[PDB]
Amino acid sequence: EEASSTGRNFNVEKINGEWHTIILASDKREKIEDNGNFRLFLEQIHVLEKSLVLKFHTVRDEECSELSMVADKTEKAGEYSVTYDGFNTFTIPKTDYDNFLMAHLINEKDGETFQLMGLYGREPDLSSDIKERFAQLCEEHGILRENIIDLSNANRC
């Protein structure tokens, strides 16, 4: 079965655990390019009662750095917020819990905004079919494929 965090049948506990960043996308491409603050490699999601603890690592000069963040539930069901290089809110428009999770995030910094979409997998990669479904979801949000970066060959330390 598949679900959206904003949907009636969402079971947040089912997204707990191991995850890997497979693809990142953004309408401000520089944010997820090599030196971007949003080129974040997810490692795990710890589901708590009113929040999600997100464990990531960033890479620089081929060196990994750990980063942890706490995302709080907002008043919108299925939406979480987190302070990181500005103010962020995000939802999970589609996940099947066992293979993939697709997130859509809005960042606001210095009076500006941009969209970020991420495709995470339980394993370090996903099938080409799931990657295509992600490209379609990015398209629905006005993000061109040229702004979608597959990081499956660079998500391990």
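For every residue, the number given is its place in the sequence shown, counted from 1.
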Discussion item. So, looking at the entry's B-factor column for Cα atoms, which has the higher mean, 6-14 or 143-151?
Written reply: 6-14
Practice prompt. Could you settle it for me: does 85-93 or 58-66 have the higher average Cα B factor in the PDB entry?
Written response: 58-66
Worksheet item: Looking at 50, 104, 122, 31, which has the biggest Cα B factor in the entry?
Response: 50
Worksheet item: Looking at 99, 26, 127, 35, which has the highest CA B-factor as recorded?
Response: 35
